[PDB]
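Here you get one chain, nothing else, as structure tokens; it is the form deposited in one PDB entry.
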């Protein structure tokens, strides 16, 4: 067990290419989004484990005593049924406390005595926009507990600035993160928590994942049209259009599959020396994938709008994820012109959108010294 205060953070995810085509067996590329989730673990002298989620403004508290006398025994792992009474509240983020409490017991079981902790979670990630926030959250929770119970090595065992876990350690964090995702999503594929853990880019096709080895630095603009949407609804639509127009749609999905592939190849060639001409290839891949998604019928007025304003300032974009609203990605290559992107952000904001100037192909589960944290995150977490 550790006595030190832990501060870990995991990034979000966004589909660069391959969004709807993955359901039909094509390749897709997911990448770490640098809108991180932060978690602060503070050991407690008292005997109560307390979880705090400022955003969803909720902070439940349990006492080691009670939990201590839990008949822990580690279709569907019914253990959840038990855990349901073992605690007491419910709601949207209700499964979040249920995922925690499950990570807590399951992980701190091997501990002679349940430790008294204090967790503070705050993310820059917009909830519900399909940016994988609950994976980043689970990854952050599994990382903090594992390190606390020293089930995994401690990246800041050198008092360094920022640190990460070694491969065999990361594999474990990701294994537990998947559990938490299972209690909250029941049937997650493992891409979200995988992206959140390893960071970078991830190839995904038919259950098979791979981390693109080399990946360049990508600056984008994340835009949330805040337009609600049904994921289930869009996928069904594509499924339909596919049944309705088989010979038109089959080749189209093959075309998207080729975009993800091409992109993957180009990215690997940029990881070497980022020639300016290679950014031109990506912008084109983004324009094309965006048109193909429109052909798939998953576009939206808010999205053609984001793209129209963006091209109005010379930037390229595409929706990311489900489409029909949600978020969009805008590439920002080297050799900008502040005024251009700056005019874009207000233009984008004028439409009633939320716009962030973040990056893609981000790090992954990271441990930070509470001294190398931004003031916003600082005041928020309580540092």
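We call the rigid core whatever largest set of C-alpha positions still superposes within 1.5 Å between the two forms. Residue numbers count along the first chain shown, from 1. Residues that one form lacks are left out of the comparison.
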* 64-72 versus 315-323: which one carries the higher mean Cα B factor per the record? -> 64-72
* Asked: Would 350-358 or 23-31 have the larger average of its C-alpha temperature factors, as given in the entry?
  -> 350-358
* Structure fact -> Residue set 233, 177, 149, 162, per-entry CA B-factor max assigned to 162
* Asked: What third of the chain, by the recorded C-alpha B-factor, contains residue 366?
  -> middle
* What third of its chain's C-alpha B-factors does residue 158 belong to: lowest, middle or highest? -> highest
* Structure fact -> On the chain's distribution of Cα B-factors, residue 109 falls within the third called highest
* According to the PDB entry, is the CA B factor of residue 278 in the bottom, middle or top third of its chain, that is, lowest, middle or highest? -> highest
* Structure fact -> In terms of its chain's C-alpha B-factors, the third that includes residue 186 is the highest
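One more form of this protein should be noted, the form deposited in another entry, which is absent from this view; the next part is about it.
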* With the two forms aligned on their rigid core, point out which item of 83, 261, 242, 106 shifts its C-alpha by 2 Å or more between the shown form and the other one. => 83
* To do: Taking the shown form as the reference, report whether the CA atoms of residue 44 and residue 87 lie closer or farther apart in the other form; the distance changes by 3 angstroms or more.
  => farther
* Structure fact -> Checked in the other form: CA of residue 89 to CA of residue 51 differs by 3 Å or more, atoms lying farther
* Only counting residues present in both forms, give the runs of 3 or more in a row whose C-alpha shift is 2 Å or more between the shown form and the other one, core aligned. => 77-90
